[PDB]
Amino acid sequence: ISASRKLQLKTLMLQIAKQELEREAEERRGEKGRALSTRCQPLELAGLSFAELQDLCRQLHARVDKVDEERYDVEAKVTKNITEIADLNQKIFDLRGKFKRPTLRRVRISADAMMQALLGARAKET
Amino acid sequence: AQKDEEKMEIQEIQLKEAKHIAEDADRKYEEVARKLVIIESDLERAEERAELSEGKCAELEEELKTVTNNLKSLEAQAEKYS
Amino acid sequence: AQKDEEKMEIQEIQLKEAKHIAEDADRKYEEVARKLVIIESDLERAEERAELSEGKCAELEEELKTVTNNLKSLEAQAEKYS
Amino acid sequence: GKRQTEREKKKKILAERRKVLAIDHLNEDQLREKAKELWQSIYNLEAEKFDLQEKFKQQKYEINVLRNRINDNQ
Amino acid sequence: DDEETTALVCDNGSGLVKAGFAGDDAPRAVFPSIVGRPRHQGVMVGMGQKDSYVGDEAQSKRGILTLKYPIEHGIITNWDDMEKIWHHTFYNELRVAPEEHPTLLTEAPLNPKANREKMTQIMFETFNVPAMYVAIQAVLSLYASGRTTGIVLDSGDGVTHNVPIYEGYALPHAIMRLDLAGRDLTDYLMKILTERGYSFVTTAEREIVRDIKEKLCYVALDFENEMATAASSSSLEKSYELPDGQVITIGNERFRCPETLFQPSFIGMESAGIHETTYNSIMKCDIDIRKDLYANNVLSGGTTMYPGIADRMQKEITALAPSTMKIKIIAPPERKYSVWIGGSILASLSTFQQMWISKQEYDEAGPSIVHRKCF
Amino acid sequence: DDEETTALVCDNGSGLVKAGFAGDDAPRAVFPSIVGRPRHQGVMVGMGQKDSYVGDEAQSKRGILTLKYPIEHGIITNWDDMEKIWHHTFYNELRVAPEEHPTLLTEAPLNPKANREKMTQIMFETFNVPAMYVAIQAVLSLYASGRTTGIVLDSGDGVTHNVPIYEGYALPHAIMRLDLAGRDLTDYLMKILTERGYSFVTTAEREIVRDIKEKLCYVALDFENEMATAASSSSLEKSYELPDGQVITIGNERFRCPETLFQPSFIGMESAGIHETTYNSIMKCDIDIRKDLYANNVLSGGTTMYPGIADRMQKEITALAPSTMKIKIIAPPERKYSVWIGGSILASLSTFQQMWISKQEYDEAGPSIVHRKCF
Amino acid sequence: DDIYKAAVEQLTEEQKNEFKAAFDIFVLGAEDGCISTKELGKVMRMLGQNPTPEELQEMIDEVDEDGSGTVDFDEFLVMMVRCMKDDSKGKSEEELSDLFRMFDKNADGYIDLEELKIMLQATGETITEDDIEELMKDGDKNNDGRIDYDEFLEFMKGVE
Ligand SMILES: Nc1ncnc2c1ncn2[C@@H]1O[C@H](COP(=O)(O)OP(=O)(O)O)[C@@H](O)[C@H]1O
Ligand SMILES: Nc1ncnc2c1ncn2[C@@H]1O[C@H](COP(=O)(O)OP(=O)(O)O)[C@@H](O)[C@H]1O
Ligand SMILES: [Mg+2]
Ligand SMILES: [Mg+2]
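Below you can see the structure in the form of structure tokens.
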């Protein structure tokens, strides 16, 4: 309940934030692992029918074109959603933004200066 | 005597500053009082306007109900003559 | 030195006078500010009640206009009926 | 130009990704290196597509949060 | 709701875009169709100022915008702005992606073909809907009344058209389209207000004059008697408070603004009023269905909401028509959204479910598919 | 602090130069902008007598100097003295070399171009700053209030200007700049004090009259009643001790000096007071943003610190304005430094960080760059 | 004020006595031991700063926890440590929003007591139920029962 307990609560919230950041990083690591595991397959092309290899390369190129088309469609949709989200956030900021701008206070000099000012000429050791 | 004179000068400085503080406080007090009177007048005007509007609304409600009843009676008569 | 001590004495007199007047003015100013807050709150409540009454009166007038037009139309219709 | 804009995105992306591909003249080594380049392109496309799907999920979350704050604005 | 798929009943209109899912009673989102770029310079940095406010957002910042409607008279004159309006309607007012919903636009009769073809091309290429269908704005208003015959006068804000229908068979040779509508009445009111001293010029103040017209104007039962009464007594002068104070008093401008409908000579138009183009539209029909059309005259559209028009029009037609026929004017209280309610009903029908223009059909015949069997 | 780079928010003003680093609450050094050469001969040798005392040093030796302000009405009339003032401000009051700090000057609206161009040329050639930006003195005062709309009346000491702003879009056609300000009030007070016997003539005694004006004068709520009261009772006569004794008693000169603001006919100026130029500035705006400007009237600048002005101005505008609108006058206690606080806030913004006039840009286009996109 | 309250609490009894010696240096002549506008104003005039009592009263209100209008020895200590500032910028709003979303595993747009106690269990430290209720009440001024984006932002407003 004390101010020490409030500092403990703040430190606990900071630790929770750090744990969430670590879990986000490990989730990204898992995403990379799963993406590498599930996506494609390596190719061995040693000493085969080279015209047949060329035809297989052409079919793979067609598949790559299809994948690129789908990727570009999803890319355009993602960009449009990003623009819409930016517009909505701008609307929210214009609605309830305003004078929530923080500032700092520096007119009051440190406690040592205040104490030496109140002591007068006595303040020499501290 | 010179020490007493210096203390006297310090006291006069303190006196002048205290007079400044007192006069500023008085001026703030009287200005706030004037604003208070003005707000009182404004509240009185708002009371007047609201009461007038309420009386208007009651009269409008009664006349509306009367005209509605007349309208329904004429509707029935129109259906009969149809 | 005699004159300086006289000045010290009148200085202390002025100090006491000024500080007492300052305390009285501060207390009165606080009371006035409290009363100003009270009256301002009452004024704001009266203003919002007035706005509500305005909206009510507007709605009532719209309804009355509609009903009156329908009434006049049906009255003409009943004249033609007879 | 809207229909032109759709045709333009699709056709110009195709033209950027289309090349004069003559697999006949290439030997085994060049053919396999071209396949490796294609696999690198596939890796890039899949990585950016997964980034896009994660961005899509974040977009849905942001939309929900914006709706909640709109509700809180009354 | 759940599985399944609902249709989007959009209705472009001219002045108010009305949209909503099929099967409801009222449109979900109704907002003016105006796109206004800012016109001043702008000095605050980081305020998040956009380049174009559309829809109902530009009716609140209209003090520093230059609003411009993208639809002049039924036809669409500025395709980029119309595309922007549609995009806003789909994504922000309904929040449903168009990739998973059929659409049912509406179009005035006798409009240019290129407008309709461009509309379908946009809907299929940009928004990429599954299937869209374009319907005439009067047949829907006849649906909403629950009739199957009748001659409907749909006096919108862009254009007033008068489509007679009998037993479900429309008569294409009897459609009388007149270009006087609510916008011309707003301009004429703004022009006659200058006779008292009030000058409205800016495109933003046209909205204020529109509000005055909506709230105060009414149609006189007899014009000359009202002109004589307003010139002697002062029982008509109704006052109105501008968006900043300085109340104004409207005298005999009240019933002179909407009188233009019955005497289009006021704004210099040659044609006859809406009271006589209906009678002419009836007389072009066959001699055996004139009684039914006389008895089932339907009113629709926004501009037919003036207090006292359903009596003036009946009096005028009774004067014109033969004395034996009974003249009845159907004026439902839900006049403004009548077209959209009819659109919802039509989209909710099972028999209609195979009339949509499916996307594969458009891919095979191009945008000119709309004029074909799928009308 | 540490790494990184802070901006210098200087504010030339006319009467008090206010400066300080960006991101604080109050200016670091505030001192009068006067440069006074000695005028007598001087007989002591080796006393270390300089040739010109600037800033706050010349307010202590003013007994043997001839103080002369380098800024008359917003514009700068004596460029060498202004350069001296800037050099003092940078090197002795802040002790930061300008080679490592961006600067943000402020300028009144509707000022001559040559003044602004010379200002930027000096800042880039003599002091050799990295980048400087010039901002209108009213937009900053609107920043400090935390608003985004409102019409701000910034009655400084040189010139009083009244810039209306809505939603961040300034209205350039509604700026009403009037050249009555604190200096003319000082001269008029010095001129009416002669009616009791006190004659102040020397340019040094103008400072004493300024102190009298600051400490004693107040704005009357109703002018005629105060004139009648001061002519019967003696409850207003407040005394003041000159820098040498001989106390003086100010009678009805107390509220007659600042009354010139609301009746500029006292000093022979034709124009209307600050109570009516605000209403005129509002009425030039569009009809739909007048309510917001009425409700958010902002006061700033030093001269608006008279005790009782925020009530007189509200009473006057309420008399002029329509009875329905609510008139509210924002008078923050930190009025004097409002422009500088706003300047600090603007310089601390991230969105603003790319609007500075970088030195390479000046090298490519010359001093006329300030009128260009980088305003 | 909260970080300053924590710093004063972290002082031992000896450090509190040293700060009370500082207090006595500051509060010379104070009747009630509380530095109202009087002593603070005289000290400010002595220092070379020329403030108004509004800023001092706002400093009090940030630290006046009872509503008495005075600044007692504890509140005076917060006034003392107010001479230095470090709680600035509130960390990063984007970081806080992302970590709040991570906290909101159900993505409801608000934080529930269930996920809060789940994260507390993950931390595992001793929990004060009264302080948890106080935090929930302060966040849920609208009385929704769940901590929101603005609610938790104002929880960390001015905090570090
Ligand atoms: N209550 C009303 N009274 C009078 N006129 C109205 C009223 N409501 C709308 N209007 C007029 O009708 C127009 C709206 O017509 P609407 O039916 O929305 O056109 P559209 O067919 O394009 O949808 C407005 O411009 C206005 O001038
Ligand atoms: N407390 C005060 N009461 C009355 N007038 C004041 C007060 N403080 C300053 N002034 C007047 O305002 C002027 C200072 O205005 P200021 O805002 O510094 O001008 P600038 O815009 O050039 O900075 C002084 O010349 C003085 O006449
Ligand atoms: Mg229509
Ligand atoms: Mg200024």
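If you read the protein sequences in the order shown, they are chains U, P, X, Z, E, A and B.
The opening residue of the first sequence carries number 1085 in my numbering; numbering runs sequentially from there.
The opening residue of the second sequence carries number 2 in my numbering; numbering runs sequentially from there.
The opening residue of the third sequence carries number 2 in my numbering; numbering runs sequentially from there.
The opening residue of the fourth sequence carries number 888 in my numbering; numbering runs sequentially from there.
The opening residue of the fifth sequence carries number 33 in my numbering; numbering runs sequentially from there.
The opening residue of the sixth sequence carries number 33 in my numbering; numbering runs sequentially from there.
The opening residue of the seventh sequence carries number 26 in my numbering; numbering runs sequentially from there.
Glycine residues also receive a C-beta, built at the ideal position from the N, C-alpha and C atoms.
To the nearest angstrom, how far is it from the Cα of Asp43 of chain E to the Cα of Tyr165 of chain E?
Distance between the alpha carbons of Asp43 of chain E and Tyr165 of chain E: 12 Å.
Determine the extent of the alpha helix (DSSP H) in which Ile183 of chain E is found, giving its start and end residues.
Segment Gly182 to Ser187 is the beta strand (DSSP E) holding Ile183 of chain E; no alpha helix (DSSP H) there.
When the Cβ atoms of the region 305-325 of chain E are set against those of the region 274-284 of chain E, are three or more pairs found closer than 8 Å?
Touching, no.
Under 8 Å, CB to CB, which of the residues in the region 159-178 of chain B have a partner in chain U?
Answer set for the region 159-178 of chain B: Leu160.
Using 8 Å for Cβ pairs, my map puts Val191 of chain E next to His307 of chain E. What's the rounded Cβ distance?
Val191 of chain E to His307 of chain E, Cβ: 17 Å. No contact.
Is there a Cβ from chain U that is less than 8 Å from the Cβ of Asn955 of chain Z?
Using a Cβ-Cβ cut-off of 8 Å, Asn955 of chain Z does not count as an interface residue toward chain U, since no Cβ of chain U sits closer than that to its own.
Pick from A:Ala58, A:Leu126, A:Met114 and A:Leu97: whose alpha carbon is nearest that of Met155 of chain A?
Of the listed residues, the one whose Cα sits closest to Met155 of chain A is A:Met114.
Looking at the secondary structure, which residues open and close the beta strand (DSSP E) in which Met164 of chain A lies?
That run of the beta strand (DSSP E) goes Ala163 to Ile168.
Return the chain-ordered ranges of every beta strand (DSSP E) run that is complete within the region 208-267 of chain A and spans a minimum of 3 residues.
Within the region 208-267 of chain A, the runs of beta strand (DSSP E) at least 3 residues long that lie entirely inside it are, in chain order, 208-210.
Answer with yes or no whether the minimum CB distance from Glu1168 of chain U to chain E is below 8 Å.
Taking Cβ atoms only, chain E reaches closer than 8 Å to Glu1168 of chain U, which makes this a yes.
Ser173 of chain E: CB within 7 Å of a non-hydrogen atom of ligand 1:
No, the beta carbon of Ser173 of chain E sits no closer than 7 Å to any heavy atom of ligand 1.
Minimum Cβ-Cβ distance from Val88 of chain B to chain U less than 8 Å
Output row for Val88 of chain B: interface = no.
Burial state of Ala1101 of chain U (16 or more Cβ within 10 Å)
Buried, because 16 or more other Cβ atoms sit within 10 Å of the Cβ of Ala1101 of chain U.
Alpha helix (DSSP H) segment containing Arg69 of chain A, residue limits
Careful: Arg69 of chain A lies outside any alpha helix (DSSP H), inside the beta strand (DSSP E) at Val67 to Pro70.
So, is the C-beta of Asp343 of chain A closer than 8 Å to a C-beta in chain U?
By this cut-off, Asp343 of chain A is not an interface position.
Which residues share a DSSP beta bridge with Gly277 of chain E?
DSSP lists E:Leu274 as partners of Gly277 of chain E.
Would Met84 of chain B be called buried (16 or more neighbouring beta carbons within 10 Å of its own) or exposed?
With 16 or more Cβ atoms within 10 Å of its Cβ, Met84 of chain B is classed as buried.
Beta-carbon proximity check, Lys36 of chain P vs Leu37 of chain X, cutoff 8 Å:
Going by C-beta atoms, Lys36 of chain P is nearer than 8 Å to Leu37 of chain X.
Determine the burial state of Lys316 of chain E: buried for a count of at least 16 other Cβ atoms within 10 Å of its Cβ, exposed for fewer.
Residue environment for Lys316 of chain E: exposed (fewer than 16 other C-beta atoms within 10 angstroms of its C-beta).
Closest Cα partner of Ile299 of chain E within the set E:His193, E:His133, E:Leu221 and E:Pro275
Of the listed residues, the one whose Cα sits closest to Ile299 of chain E is E:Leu221.
Give the secondary structure of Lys8 of chain X by DSSP, where H, G and I count as helix, E and B as strand, and everything else as coil.
Three-state result, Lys8 of chain X: helix.
For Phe63 of chain A, three-class secondary structure by DSSP
Three-state DSSP puts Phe63 of chain A in a strand.
Looking at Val62 of chain E and ligand 3, is the gap between the Cβ and the nearest heavy atom below 7 Å?
No, ligand 3 has no heavy atom inside 7 Å of this Cβ.
Under 5 Å from any heavy atom of ligand 2, by CB: list those residues in chain order, please.
Taken from the N-terminal end onward, the list reads A:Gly45, A:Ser46, A:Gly47, A:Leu48, A:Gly188, A:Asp189, A:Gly214, A:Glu246, A:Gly333, A:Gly334, A:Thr335 and A:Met337.
Output yes if chain B places a C-beta closer than 8 Å to the C-beta of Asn951 of chain Z; else output no.
Using beta-carbon distances, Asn951 of chain Z counts as an interface residue toward chain B, with a partner under 8 Å.
Under 7 Å from the C-beta of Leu203 of chain A: neighbouring residues of chain E:
The contacting residues are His72.
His403 of chain A: first and last residue of the uninterrupted alpha helix (DSSP H) it sits in
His403 of chain A: not part of any alpha helix (DSSP H); DSSP gives it neither H nor E.
Those residues which DSSP pairs with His193 of chain E across a bridge:
According to DSSP, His193 of chain E bridges with E:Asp186 and E:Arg209.
Should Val49 of chain E be labelled buried (16 or more other beta-carbon atoms within 10 Å of its own) or exposed?
Buried, by the Cβ-count rule.
Does DSSP put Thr138 of chain E in a helix, a strand or coil?
Correct three-state label for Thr138 of chain E: strand.
Is the distance from the Cβ of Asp129 of chain B to the Cβ of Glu140 of chain B below 8 Å?
The answer is yes: Cβ separation under 8 Å.
Answer with buried or exposed for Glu258 of chain A, where buried requires no fewer than 16 other C-beta atoms within 10 angstroms of its C-beta.
The residue in question, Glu258 of chain A, is buried, as its Cβ has 16 or more Cβ neighbours within 10 Å.
Beta carbons nearer than 7 Å to chain Z: which residues of the region 132-159 of chain E have them?
Residues passing the 7 Å Cβ filter: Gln153, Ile154, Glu157 and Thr158.
Quick test of your reading: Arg171 of chain B and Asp163 of chain B, contact by CB under 8 Å. State the CB separation rounded to the nearest angstrom.
So it is not a contact: roughly 13 Å between Cβ atoms.
Is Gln295 of chain A near ligand 4, in the sense that its beta carbon is under 7 Å from a heavy atom of that ligand?
Not so, every heavy atom of ligand 4 lies at least 7 Å from the Cβ.
Closest residue to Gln1099 of chain U among B:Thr37, B:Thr62 and B:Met144 (Cα-Cα distance)
For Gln1099 of chain U, the closest alpha carbon among the candidates B:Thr37, B:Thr62 and B:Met144 is that of B:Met144.
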